[PDB]
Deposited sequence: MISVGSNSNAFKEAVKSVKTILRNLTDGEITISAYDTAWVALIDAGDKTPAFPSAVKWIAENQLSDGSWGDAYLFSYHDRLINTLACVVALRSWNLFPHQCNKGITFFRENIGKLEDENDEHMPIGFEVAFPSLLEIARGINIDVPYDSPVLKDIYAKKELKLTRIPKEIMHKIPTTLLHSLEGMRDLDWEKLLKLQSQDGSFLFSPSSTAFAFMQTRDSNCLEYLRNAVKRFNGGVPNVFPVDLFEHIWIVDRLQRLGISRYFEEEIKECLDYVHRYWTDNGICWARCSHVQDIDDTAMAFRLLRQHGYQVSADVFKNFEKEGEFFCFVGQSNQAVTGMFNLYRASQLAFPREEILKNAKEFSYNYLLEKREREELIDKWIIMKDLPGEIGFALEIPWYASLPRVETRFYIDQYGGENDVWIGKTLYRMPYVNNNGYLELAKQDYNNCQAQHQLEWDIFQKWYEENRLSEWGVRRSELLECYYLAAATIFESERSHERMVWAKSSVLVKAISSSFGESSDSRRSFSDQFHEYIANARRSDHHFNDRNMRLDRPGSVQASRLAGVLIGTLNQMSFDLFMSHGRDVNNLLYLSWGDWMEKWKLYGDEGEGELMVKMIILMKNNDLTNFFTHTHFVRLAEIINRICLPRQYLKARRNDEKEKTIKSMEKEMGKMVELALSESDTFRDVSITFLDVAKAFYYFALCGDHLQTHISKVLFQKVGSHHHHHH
């Protein structure tokens, strides 16, 4: 007991105390740092030397202890051996590394599945030549190595080295492998924290060549922050802030951290620029992955961000991770896809982005190529598959969350830079535990109400009023998958019950003006065909009364009058034309059942404008004519997204309710023919 509360607390302290990043140490990078000469032929950073000796793995290698990769182990180990030997320190660990290297170098190509660390083919041979330079006894002539030495010389002939010296590029992240270097020019492309593109190793190499004091400071700060070691990229503050918020929302638990998340997004917004962003604040080089994620979250939470930010990544209708490079990672395109779906109608560049990323991912799934360069994830195919299957316009919170809890790798995910690395605050088993418990608690609540909802259906003999059992479950499902919180049962239930009653009335009396007239008369008279019209009316009136009573008994709020007015307003329009304003009725019901006083907005202009949009979306449930219908909903929803997202956090509760109802209808229009598995997972299959 309270274990849950105390776990929310520990996640809150994490969020409150985020700095420049919780990222694991890179042995490769701290080796480069350890090589630095203080000047008097002693290490400038003895604590980096110490870290290396202290963190060697049991088999003599250095690297990620939980995910073995020959590439990762060998480059990490060779670097550490070089560092220790060049100072003749810690000969015992230095000897173990050498043995490991001797015995495993021939296994470099033994893994079909392994990813390559970034820039391995230039970085590996370069520290090989450093090792040979200090007479380290290692098989420099290992057959596997002939192939990677050739690859290096060719990589280098292709590098735009002159451009590398004139403008900031990703190449600055890996200088330690290159040869023709003009430091007078490069130092002008130094980052504002003194690093060369937030790489300690590239920066360490630069310091050895220039003795530049700003490089030293970057190194000093990092070495200190990490007690001797350094990561392979730092800072990683935007990356971490953004990814933490994305994961908490998708895990379905973000509502516990609304204050903390708001503060994270303010931080991010603070460092947003018209060119976008990268993983670290104050960069001259941006990437589409970080930009698309920040863009999506900022816009989603009411920040004003422009889509012109994506213009720089666009070339000839295609989109790229980095300006001036051809790289197009699956995860970046995935995040681009997600971002593009929050486009306002005026934003052409996002239409093109959406068109491009969708087809990119589509093709890559068809080809069996959903593998990413930047990360090793539990279930990338499943995440992409979901995204392609379920547009944001049709993405109900519980549905996305139910699948993602199954996809989230927790602490098992591994990121890929110059070496393998982890992000403990993004990929965290604790978040998952919390997510599973919270999901299961809410689900249990939903099952209770499903049982109540069925009894209600039976007691009122609604099956004889033309409501099928399959329709009953679908109605409850849409409400619960949207308004899912345990403490929001009144909103969830009024919506589910209202939609059912609307379907019964429409099926039993919607056929013609007379029957509709017949029914509305009875409703008002109550408060052959006229006898039963009175019966159904009693069901409506009956359940309306029960609901307001329960609200009154638990929250003191009396909503009787507004309740009947709303139903009254709907009855008149339907009377005259048939079902036309169901969407609006649902929204009003939900707002009424809220434990607030938002009903005063029913008057506001903003409210009215949203009402007419939603009524264009929520069609009176009725091949090629289908594409038309769905495409038309999207255009109307495009307008609603704009209106709703750009809202002061007072009326926002209302605007968001319009979106919720709209998405539900959209989802049903799109997927309503094959919901059985979704419903089963969301409502009836426990997580874990």
Legend entry - Missing segments of the deposited chain sequence, listed N- to C-terminal: 1-7, 535-553, 649-654, 721-727
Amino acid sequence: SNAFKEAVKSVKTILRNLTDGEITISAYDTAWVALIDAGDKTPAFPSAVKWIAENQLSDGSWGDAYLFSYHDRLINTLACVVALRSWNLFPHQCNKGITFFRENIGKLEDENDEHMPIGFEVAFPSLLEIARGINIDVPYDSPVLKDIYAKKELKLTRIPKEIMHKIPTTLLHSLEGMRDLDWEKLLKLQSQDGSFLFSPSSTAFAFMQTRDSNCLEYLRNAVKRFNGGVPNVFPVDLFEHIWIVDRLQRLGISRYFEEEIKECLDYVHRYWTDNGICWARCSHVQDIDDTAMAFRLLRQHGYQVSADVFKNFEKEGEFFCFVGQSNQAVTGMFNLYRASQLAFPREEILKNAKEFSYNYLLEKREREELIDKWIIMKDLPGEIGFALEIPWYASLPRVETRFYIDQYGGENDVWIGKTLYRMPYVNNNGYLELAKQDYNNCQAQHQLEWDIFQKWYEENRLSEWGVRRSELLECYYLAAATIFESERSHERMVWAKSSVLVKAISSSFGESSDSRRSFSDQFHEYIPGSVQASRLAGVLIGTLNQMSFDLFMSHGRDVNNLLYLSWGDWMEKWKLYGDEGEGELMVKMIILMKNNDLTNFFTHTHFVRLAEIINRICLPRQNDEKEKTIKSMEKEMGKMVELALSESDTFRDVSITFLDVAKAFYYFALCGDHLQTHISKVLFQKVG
From here on, numbers count along this sequence of modelled residues.
Inset, instruction - Please work out which of 281-289 and 539-547 has the higher mean CA B-factor as recorded in the PDB entry. - result: 539-547
Inset, instruction - Decide which of the stretches 36-44 and 648-656 has the higher mean C-alpha B-factor, going by the entry. - result: 648-656
Inset, instruction - Report the option among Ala662, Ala65, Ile52, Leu619 whose CA atom has the maximum B-factor in the deposited record. - result: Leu619
Inset, instruction - Kindly indicate the residue among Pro381, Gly510, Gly228, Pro391 with the greatest C-alpha B-factor in the PDB record. - result: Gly510
Inset, instruction - Determine, from the deposited record, the chain-internal third of the Cα B-factor for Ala669: lowest, middle or highest. - result: highest
Inset, instruction - Grab the CA temperature factor for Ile163 from the record and place it in the lowest, middle or highest third of its chain. - result: middle
Inset, instruction - Ordered by C-alpha B-factor within the chain, which third holds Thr24? Give me lowest, middle or highest, please. - result: lowest
Legend entry - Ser680 by Cα B-factor - lowest, middle or highest third of the modelled chain: lowest
Legend entry - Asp110, C-alpha B-factor rank within chain (lowest, middle or highest third): middle
